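Below is one structure, written out as structure tokens; comments come after it.
Number of protein chains: 2
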Amino acid sequence: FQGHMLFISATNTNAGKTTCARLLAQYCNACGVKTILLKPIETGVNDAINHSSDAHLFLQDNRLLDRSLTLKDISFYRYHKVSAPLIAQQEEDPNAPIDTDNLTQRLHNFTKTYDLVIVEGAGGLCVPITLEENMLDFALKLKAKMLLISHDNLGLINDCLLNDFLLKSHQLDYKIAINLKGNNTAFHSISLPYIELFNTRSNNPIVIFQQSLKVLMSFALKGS
Amino acid sequence: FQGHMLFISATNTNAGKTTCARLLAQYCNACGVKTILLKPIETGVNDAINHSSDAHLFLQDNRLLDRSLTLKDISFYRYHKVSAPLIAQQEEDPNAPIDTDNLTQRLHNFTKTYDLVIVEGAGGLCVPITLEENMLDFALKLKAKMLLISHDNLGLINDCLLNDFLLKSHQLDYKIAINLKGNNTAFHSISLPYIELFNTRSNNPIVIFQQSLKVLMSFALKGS
Ligand SMILES: [Mg+2]
Ligand SMILES: [Mg+2]
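Chain order of the listed sequences is A and A'. A prime marks a further copy of an entry chain. Taking the deposited numbering as reference, the numbering of the first sequence is continuous, increasing by one, and the terminal residue is 220. Taking the deposited numbering as reference, the numbering of the second sequence is continuous, increasing by one, and the terminal residue is 220.
As structure tokens, then:
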């Protein structure tokens, strides 16, 4: 086959997509699985003045494999507004709706040259990209596997399970992984006991990202 | 018929269930719709030392209609742990799993004496009560209408739509209302434009709670 593709979404903005994506791509590359990081859509940016957007961080990592990469090779629709992409596009670029067919082509072209293509979304599964499509729809069009990153705070149970319900209702392979931050041991006392129970009762368990680099590389690469 | 019943859930703990419930019951009572507030399950409490839990606030309001009410008349399963109810119950009261058949009886008994029975949940729709049931399951067993309160911050779009997807997938009447706090005008610039779009495209619109006291009383009381 050509390279595999893994979409990274989240329970909430700031849950840890970018941190986790970069740690997973680093692990994969260290294991000889040639992996690129892409941020096709990004809001809240001003590239004239700031070089630490998600796409810039991914570009830094990516140039360790290809010096010739530039920002426009890995991020395609970029907006100043800190909002859903649909809204940002309508306000800043009214004559250029986001074209997910184009994005699908561009992202799949990287499966020629990489073993794994990691695609970070924006905003969450239900966040609108176009009038007709949300991030999940985009992931479905890509035929990617899905890694949903959860925050590690009170509330994670509800948030994970809301996403579980949406994902299990669609035809894609997915995992949910909690981004368990340093210095949080309330998690183990408050939320973990339910995660444990859920995992005995579910055929698709919720994992802890930090425990799961090998498992998640296996997931991303398995099969066709 | 006997009195109507409205369940109040939320996108997230602290979104504003209790504030909104109390404002809606106050409005209803001022309109001559005799309304009680119930908090059947509550975690994170210590009644020996603190009298400002949700049940205590509801009791304050409720005693304006019935001096004889006490806390145990309106809240039935109460735990110290700040966690999902299932976990709190398993740790603090291992021999008494929450009995939603009992709760259904107790809550319906209030439809004899009230025009509207408002029931606040805990935690969120997917938060576990028993091994088999979450808050949504409880609401379904009650045959209540559902009011889902959303926070007003960036992220509300995703959160509302995740809940929308779950609710529309089940057989109940529901509304989603944003608790738009004082001093937030970012909402109108960032999130409202999408809410507006969504509402033109949906047969069940997302409303703003503060604009909607009349509409929400109408919703709660309509029909059987
Ligand atoms: Mg990011
Ligand atoms: Mg409350």
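From the three backbone atoms N, C-alpha and C, an ideal C-beta is built for every residue, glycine too.
Relative to ligand 1, even the nearest heavy atom lies 7 Å or more away from the CB of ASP57(A). Within the same chain, and ignoring the five residues on either side of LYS137(A) in sequence, the residues whose Cβ sits closer than 7 Å to its Cβ are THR96 and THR100. Taking a C-beta distance under 8 Å as the contact criterion, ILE186(A) and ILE202(A) do not qualify as a contact pair. For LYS141(A'), the pairing in a beta bridge is given by DSSP as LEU2(A'). Closer than 8 Å at the C-beta level to chain A, one finds these residues of the stretch 93 to 125 of chain A': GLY119, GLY120, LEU121, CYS122, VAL123 and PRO124. Following the DSSP letters along the chain, one finds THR14(A) inside the alpha helix (DSSP H) bounded by residues 13 to 26. Straight-line measurement puts the Cα of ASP62(A') at about 46 Å from the Cα of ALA11(A).
Within the stretch 184 to 213 of chain A', contact with chain A at the beta-carbon level (separation under 9 Å) is assigned to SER185, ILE186, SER187, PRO189, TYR190, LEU193, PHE194 and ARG197. Contact between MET213(A') and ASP169(A') fails: their C-beta atoms lie close to 14 Å from each other, not under 8 Å. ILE174(A): member of the beta strand (DSSP E) spanning 170 to 174, first to last residue. For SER146(A), not one C-beta of chain A' is nearer than 8 Å to its own C-beta. Rounded to the nearest whole angstrom, the C-alpha separation of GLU88(A) and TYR75(A) is 7 Å.
With a 10 Å radius around the Cβ and a threshold of 16 neighbouring Cβ atoms, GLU38(A) comes out buried.
A direct Cα-to-Cα measurement between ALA80(A') and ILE70(A') gives close to 19 Å. About 5 Å separates the beta carbon of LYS13(A') from that of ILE145(A'), a gap short enough to meet the 8 Å contact definition. Excluding residues up to 5 positions away in sequence, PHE54, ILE70, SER71, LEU103, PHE106, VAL113, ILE114, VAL115 and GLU116 lie with their Cβ nearer than 8 Å to the Cβ of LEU34(A') in the same chain.
Counting along the chain, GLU116(A) sits inside the beta strand (DSSP E) bounded by residues 112 to 116.
At least 8 Å separates the beta-carbon of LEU176(A') from that of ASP155(A'). Excluding the 5 residues flanking it on each side, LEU60(A') has same chain C-beta neighbours closer than 8 Å at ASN25, in chain order. Of all residues in the stretch 138 to 165 of chain A', the ones placed with a Cβ closer than 9 Å to any Cβ belonging to chain A are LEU150, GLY151, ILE153, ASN154, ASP155, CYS156, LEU157, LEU158, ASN159, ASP160, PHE161, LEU162 and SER165, in chain order. By the Cβ-count criterion, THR7(A') is buried, with 16 or more other Cβ atoms from all chains shown falling within 10 Å of its own Cβ. Of all residues in the stretch 66 to 83 of chain A, those with a C-beta nearer than 8 Å to a C-beta of chain A' are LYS77, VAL78, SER79, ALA80, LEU82 and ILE83, reading in chain order. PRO90(A') sits in coil when the DSSP states are folded into three classes, being neither helix nor strand. Proximity of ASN8(A) to chain A', defined by a Cβ-Cβ separation below 8 Å, is satisfied. Spanning the alpha carbons of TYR110(A) and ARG197(A') requires a straight line of approximately 40 Å. In this structure, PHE3(A) sits near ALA140(A), with a CB-CB distance shorter than 8 Å. Among the bridge pairs identified by DSSP, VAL203(A) is matched with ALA173(A).
Rounded to whole angstroms, the separation of the alpha carbons of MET1(A') and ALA216(A') is 7 Å. In this structure, DSSP gives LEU61(A) a state outside helix and strand, which the three-state scheme calls coil. In this structure, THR109(A') has its beta carbon at no less than 7 Å from each heavy atom of ligand 2.
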